[PDB]
Amino acid sequence: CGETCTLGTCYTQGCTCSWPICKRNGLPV
């Protein structure tokens, strides 16, 4: 995802807020 949910949210849909980072299906893409 690259993005981070330091706040607890993600800007990229489909990506889960795995604080601090956003992961996608278990992948920091």
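Heads up, residue numbers simply count up from 1 along the chain you see.
This deposition comes from solution NMR.
In case you wondered, yes, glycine gets a Cβ from its N, Cα and C as well.
Partner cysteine of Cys17, as given in Swiss-Prot, is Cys5 (from among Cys5, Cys15, disulfide bond). Taking Cβ-Cβ distances under 8 Å and a sequence separation of 6 or more, the neighbours of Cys15 (disulfide bond) in its chain are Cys1, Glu3, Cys22, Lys23, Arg24.
Of all Cβ atoms in the protein chains displayed, 17 besides its own lie within 10 Å of the Cβ of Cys17 (disulfide bond).
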